[PDB]
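Undergrad:
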Amino acid sequence: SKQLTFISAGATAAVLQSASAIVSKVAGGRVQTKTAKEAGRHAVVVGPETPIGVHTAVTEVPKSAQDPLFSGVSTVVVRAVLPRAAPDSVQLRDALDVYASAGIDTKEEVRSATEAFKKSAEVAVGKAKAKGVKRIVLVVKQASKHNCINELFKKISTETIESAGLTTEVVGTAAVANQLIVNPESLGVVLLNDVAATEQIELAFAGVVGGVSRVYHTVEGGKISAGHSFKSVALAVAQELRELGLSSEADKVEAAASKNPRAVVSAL
Amino acid sequence: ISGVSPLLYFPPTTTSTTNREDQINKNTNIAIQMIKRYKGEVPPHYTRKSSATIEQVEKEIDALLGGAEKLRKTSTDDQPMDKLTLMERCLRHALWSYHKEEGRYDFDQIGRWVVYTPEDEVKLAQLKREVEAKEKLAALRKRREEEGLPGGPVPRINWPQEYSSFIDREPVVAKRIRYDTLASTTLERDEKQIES
Amino acid sequence: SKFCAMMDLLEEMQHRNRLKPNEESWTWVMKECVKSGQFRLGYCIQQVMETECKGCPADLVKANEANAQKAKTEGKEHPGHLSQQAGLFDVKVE
Amino acid sequence: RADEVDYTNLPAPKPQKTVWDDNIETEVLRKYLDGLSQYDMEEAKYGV
Amino acid sequence: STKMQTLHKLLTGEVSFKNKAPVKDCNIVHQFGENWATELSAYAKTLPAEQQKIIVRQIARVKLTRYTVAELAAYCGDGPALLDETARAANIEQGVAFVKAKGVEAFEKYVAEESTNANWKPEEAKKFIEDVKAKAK
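Here is the structure:
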């Protein structure tokens, strides 16, 4: 009757097959599992690549699935995601910086980027206020090529955050990545500008913590789970089932993911 | 490069099958999109008042100027011009401007019937270099394809030196990934669709 | 550079020792020019041999011409940066 | 027994600007290749 | 005594490098030495329990920091404890693909060159090449 929407973005067929087997075996057939390329609710996205229709890329450190190495850490990494066009078309994150060099007008693109950054900054400040932190850390790649997208990102994120009353500390990519992997307890909320390096950093943090599920906030309004490995996808499916209103099944999936990461389907 | 690295850097080839045709179709779609954005809107359509081909116009001009050859008299560049000279200059200037806009880049006549300003001479020289460079690049990129060398440019680097130079492998590995991906892609677009 | 060393040696021999280089020395220089691919020094040495010596060997001249033609066809006749258009304010004076 | 070493000192990674072979494909691409070299140097200096 | 104190402060994050460079395993190995982990572990035993636990945790995190961000993202998806085996399997698969692509002798030469560049012991390189060859057939 119900429906879970599976989005595939750069994920090997093995991961998708494992996710399908897990949902079929756990749910028992009560909720169907359809595949698509875009969704707004009740959606699990598999693979490193960013799907179409997501504007924020928040990720946290769930208490249950904390690795013993990272026990007690609490830092929220929110990646700002600009609207995604078709693979052939030029993405906004690159158009906004190349058209300016070429002299082409960049008004509509700037407007769209401003809207996306405002939404991401609102999400980040909400998370920071909920956690109680006073300052957030902006992450911008300091390459000369990205001298316009990051400038707008700072100009808008700092504006919105200061309007909300919190402080912002800008930093590069290498230093923040090393600090997040080595000493993450010194960062409460870290926003990431939309670049490939920031996506890799978010994935690295989501994996090093022990494997977690990344939450995507879409344009339509809602939360869709995201995973890239067996354990991450299992946790994402568990969270999705919990959202649908299944507690025991979600707990079983979470326990199976904790015990046997790569073979959860057989474990449970 | 101090510190035993955990992995050996094999080439980043993971997309074993990446047809050159698809790459040169994506390059062409991106090229068309950018050109459309830069130019703006395709201009409003215009309906011709009269029907005539460029070849017919050129033949008519040649016939018109051919009957007055005996009457036409040359003179010094600083001396006043004649009616025949003025007509010839105007007609040839328009004809060769149309030809250069069309694509018939015959620089020998364009330099004669269109150059009247130092800015004009500079523009012609810039156009003269560009066309020759494109022709040479196309020929070189066809010969290279015949030989089998990578389509994209390859820098003159000695990575055994770079590994020793840098302390941390991460930037060096990233550079190798970028250049190995660049050398495995064909930075070519379809210059039929672009010209169309 | 082998060519520079040999030319310096010839300069020493002729100027600071008063000994006229013979055909053998210039043939060695021409062979070095051909071997290294320097087809312009090849032309200069060819002219030198034609002037002082009793002509340049045909094989060396043909090899030098072959190198020059190969450079011309490949587009490496001159350094690329020299052919780049410049201007009054477009030249970087280091 | 005087000072031995400043363990908190790291010799900065001396960057090297990538040099491209001088062909027509480089003259046509000169601006793009220069941009790539600048990006490489920036990455080397900052770290990634 | 000074070296151990400086290393402890650096790992704890109290004191950073001169240029604020990232505190990676490679930089620490460059400065302090190849066996900094062993001497630091021996020194930590002369400290209270909390400092010992912090030292162990920081050493583990630094060891995890020995991979590039891309490698961690691709291979550390299913936990850090399983990172090493996943990375080894991926590297072995890459070796098998290279062997099937461009022969064996060229593969042997390439592995030797990379081991020279990658600071690998001859024994480890020999084991890796033997393992990939055995995986092929």
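Residue numbers (the authors' numbering), protein chains in the order written: chain G, 2 to 269; chain D, 17 to 212; chain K2, 95 to 188; chain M2, 208 to 255; chain H, 21 to 157. C-beta atoms are modelled at their ideal positions from N, C-alpha and C, and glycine is treated no differently.
1. Hey, quick one: how far does the alpha helix (DSSP H) through residue 228 (chain G) stretch, first residue to last?
2. With DSSP run on the structure shown, which of helix, strand or coil describes residue 67 (chain H)?
3. For chain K2, find out if any of its Cβ atoms is closer than 9 Å to the Cβ of residue 229 (chain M2); answer yes or no.
4. If you measure between the beta carbons of residue 199 (chain G) and residue 80 (chain G), is that distance less than 9 Å?
5. Any C-beta of chain H within less than 7 Å: which residues of the segment 64 to 87 of chain G qualify?
6. Going by C-alpha to C-alpha distance, which of 168 (chain D), 23 (chain D), 146 (chain D) sits closest to residue 86 (chain H)?
7. Can you give me the C-alpha to C-alpha distance between residue 143 (chain D) and residue 150 (chain D), rounded to a whole angstrom?
8. Check whether chain H comes within 9 Å of residue 127 (chain D), counting only Cβ atoms and requiring the distance to be less than that.
9. Establish whether the CB of residue 246 (chain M2) and some CB of chain G are separated by less than 9 Å.
10. Just the chain D side, please: which residues come within less than 9 Å of residue 225 (chain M2) by C-beta, in chain order?
11. Alpha carbons only, please: which of 139 (chain H), 91 (chain H), 157 (chain H) is nearest the one belonging to residue 50 (chain H)?
12. Just to confirm, are residue 190 (chain D) and residue 255 (chain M2) a CB contact at a threshold of 9 Å?
13. What do you get for residue 143 (chain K2), buried or exposed, if any count of 16 or more other CB atoms within 10 angstroms of its CB means buried?
14. Mind checking which residues open and close the alpha helix (DSSP H) that includes residue 30 (chain H)?
15. For the beta strand (DSSP E) holding residue 72 (chain G), just list the boundary residues, first then last.
16. By the 9 Å beta-carbon criterion, what residues does the segment 146 to 178 of chain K2 contribute toward chain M2?
17. Am I right that residue 147 (chain G) and residue 98 (chain G) are in contact with their C-beta atoms under 8 Å? What's the rounded C-beta distance?
18. Is there contact between the segment 186 to 194 of chain G and the segment 65 to 73 of chain H, where contact requires at least three CB pairs shorter than 8 Å?
19. Within 10 Å of its beta-carbon, does residue 132 (chain D) have 16 or more other beta-carbons around it, so buried, or fewer, so exposed?
20. Is the Cβ of residue 214 (chain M2) closer than 9 Å to any Cβ of chain G?
21. On the DSSP letters alone, give me the boundaries of the alpha helix (DSSP H) that residue 49 (chain D) sits inside.
22. I need the boundaries of the alpha helix (DSSP H) containing residue 197 (chain D), first residue and last residue.
23. Could you tell me which chain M2 residues have their CB closer than 7 Å to the CB of residue 26 (chain H), listed as they occur along the chain?
24. Thinking just about the alpha-carbon of each residue, which of 216 (chain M2), 222 (chain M2), 233 (chain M2), 243 (chain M2) is nearest to the one in residue 173 (chain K2)?
25. Does the CB of residue 242 (chain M2) have a neighbour CB from chain D at under 9 Å?
26. Listed in chain order, which residues of the segment 154 to 171 of chain D have Cβ atoms closer than 8 Å to some Cβ of chain H?
27. Please say whether residue 37 (chain H) and residue 216 (chain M2) have beta carbons closer to each other than 9 Å?
28. Is the segment 255 to 262 of chain G touching the segment 231 to 246 of chain G in the sense that three or more CB pairs, one from each, lie closer than 8 Å?
29. From residue 180 (chain G) to residue 78 (chain H), what does the alpha carbon distance come to, in whole angstroms?
TA: On the basis of the data shown:
1. Taking the first residue of the first sequence as position 1, residue 228 (chain G) is located at position 227. No alpha helix (DSSP H) contains residue 228 (chain G), which is instead part of the beta strand (DSSP E) from 224 to 228.
2. Your numbering for residue 67 (chain H) matches position 47 in the fifth sequence. Note: residue 67 (chain H) maps to coil in three-state DSSP.
3. Position 22 of the fourth sequence holds residue 229 (chain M2). It does; some Cβ of chain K2 falls within 9 Å.
4. Counted from its first residue, the first sequence places residue 199 (chain G) at position 198. Counted from its first residue, the first sequence places residue 80 (chain G) at position 79. Yes. Within cutoff.
5. 68, 70
6. For the purposes of this step, residue 86 (chain H) is taken as residue 66 along the fifth sequence, with counting starting at 1. Closest by alpha carbon: 23 (chain D).
7. By 1-based counting over the second sequence, the position of residue 143 (chain D) is 127. By 1-based counting over the second sequence, the position of residue 150 (chain D) is 134. When only Cα atoms are considered, residue 143 (chain D) and residue 150 (chain D) end up about 11 Å apart.
8. Counting from 1 along the second sequence, the entry for residue 127 (chain D) is found at position 111. False, the Cβ-Cβ gap to chain H never drops below 9 Å.
9. In the fourth sequence, counting from the first residue as 1, residue 246 (chain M2) sits at position 39. Answer yes: the Cβ-Cβ gap between residue 246 (chain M2) and chain G drops below 9 Å somewhere.
10. Position 18 of the fourth sequence, counted from the first residue, corresponds to residue 225 (chain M2). Those are 171, 172, 173, 191, 195, listed as they occur along chain D.
11. Position 30 of the fifth sequence, counted from the start, is the residue given in the question as residue 50 (chain H). Residue 50 (chain H) has its Cα closest to that of 139 (chain H), out of 139 (chain H), 91 (chain H), 157 (chain H).
12. Translated into positions along the second sequence, residue 190 (chain D) becomes position 174. Translated into positions along the fourth sequence, residue 255 (chain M2) becomes position 48. Contact flag set, yes.
13. Residue numbering aside, residue 143 (chain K2) sits at position 49 when the third sequence is read from its first letter. Buried, because 16 or more other Cβ atoms sit within 10 Å of the Cβ of residue 143 (chain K2).
14. The residue given as residue 30 (chain H) occupies position 10 in the fifth sequence. Element bounds for residue 30 (chain H): 22 to 32.
15. In the first sequence, residue 72 (chain G) corresponds to position 71, counting from 1. Taken as a continuous stretch (DSSP letters only), residue 72 (chain G) belongs to no beta strand (DSSP E), as it is neither H nor E.
16. 168, 169, 170, 173, 174, 175, 177, 178
17. To locate residue 147 (chain G), count along the first sequence from 1; it is residue 146. To locate residue 98 (chain G), count along the first sequence from 1; it is residue 97. Rounded, the Cβ-Cβ distance is 6 Å, consistent with contact.
18. no
19. Numbered from 1 along the second sequence, position 116 holds the residue referred to as residue 132 (chain D). Looking at its Cβ environment, which holds fewer than 16 other Cβ atoms inside 10 Å, residue 132 (chain D) is exposed.
20. Within the fourth sequence, numbered from 1, the residue matching residue 214 (chain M2) stands at position 7. No, residue 214 (chain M2) lies away from the interface with chain G (no Cβ there is under 9 Å from its Cβ).
21. If you number the second sequence from 1, residue 49 (chain D) lands on position 33. That run of the alpha helix (DSSP H) goes 36 to 55.
22. By 1-based counting over the second sequence, the position of residue 197 (chain D) is 181. Taken as a continuous stretch (DSSP letters only), the alpha helix (DSSP H) holding residue 197 (chain D) covers 185 to 198.
23. For this step, residue 26 (chain H) is matched to residue 6 along the fifth sequence. Ordered by position in chain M2, the residues that pass the 7 Å Cβ test against residue 26 (chain H) are 214, 215.
24. Position 79 of the third sequence, counting from 1, holds the residue named residue 173 (chain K2). The option with the nearest alpha carbon to residue 173 (chain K2) is 233 (chain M2).
25. Here residue 242 (chain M2) is taken as the residue at index 35 of the fourth sequence, counted from 1. No, its Cβ sits nowhere closer than 9 Å to a Cβ of chain D.
26. Per Cβ criterion, the list is empty.
27. Within the fourth sequence, numbered from 1, the residue matching residue 216 (chain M2) stands at position 9. Within the fifth sequence, numbered from 1, the residue matching residue 37 (chain H) stands at position 17. Contact flag set, yes.
28. yes
29. Taking the first residue of the first sequence as position 1, residue 180 (chain G) is located at position 179. Taking the first residue of the fifth sequence as position 1, residue 78 (chain H) is located at position 58. One C-alpha to the other measures close to 12 Å.
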